[PDB]
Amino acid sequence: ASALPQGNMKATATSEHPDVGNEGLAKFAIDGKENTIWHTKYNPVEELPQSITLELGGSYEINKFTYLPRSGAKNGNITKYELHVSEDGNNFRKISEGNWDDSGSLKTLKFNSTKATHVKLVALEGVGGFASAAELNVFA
């Protein structure tokens, strides 16, 4: 399994900060740039839980998902997550959940191959009460 092409995806999120340079549009989570990040909207803060959804560009049999946090800082580093999948873009179901440390390290989810047109990362808890993500990848 290899990473699906990010340019064939579309990212949307429940909350996103406007483009203020390197943050925080949902689409910055899939631009192949470690220095740009999705960040939940702040001023005013939109409280967790918040989610980011990747429309994959097709119906794929996916087996791995990676979460690269922002670097240089910690706000929004996700520490309690769910990963959900959908086959229709509306009906979602949980396939992964757990805890990550607030460190900058790549966080990797592996799961049984399952069919998906969309993947949704739910940030339940995150540093500062924000959620952010530098790069998200999905493997099929």
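From 1 onward, residues are counted along the sequence shown.
As the entry records it, the average C-alpha temperature factor is higher for 93-101, out of 29-37 and 93-101. Taking the mean C-alpha B-factor of each stretch as recorded, 80-88 and 49-57 are not equal, and the higher mean is that of 80-88. Ranked by Cα temperature factor within the chain, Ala134 sits in the lowest third according to the deposited record.
Compared with the other modelled residues of the chain, the Cα B-factor recorded for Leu124 ranks in the highest third.
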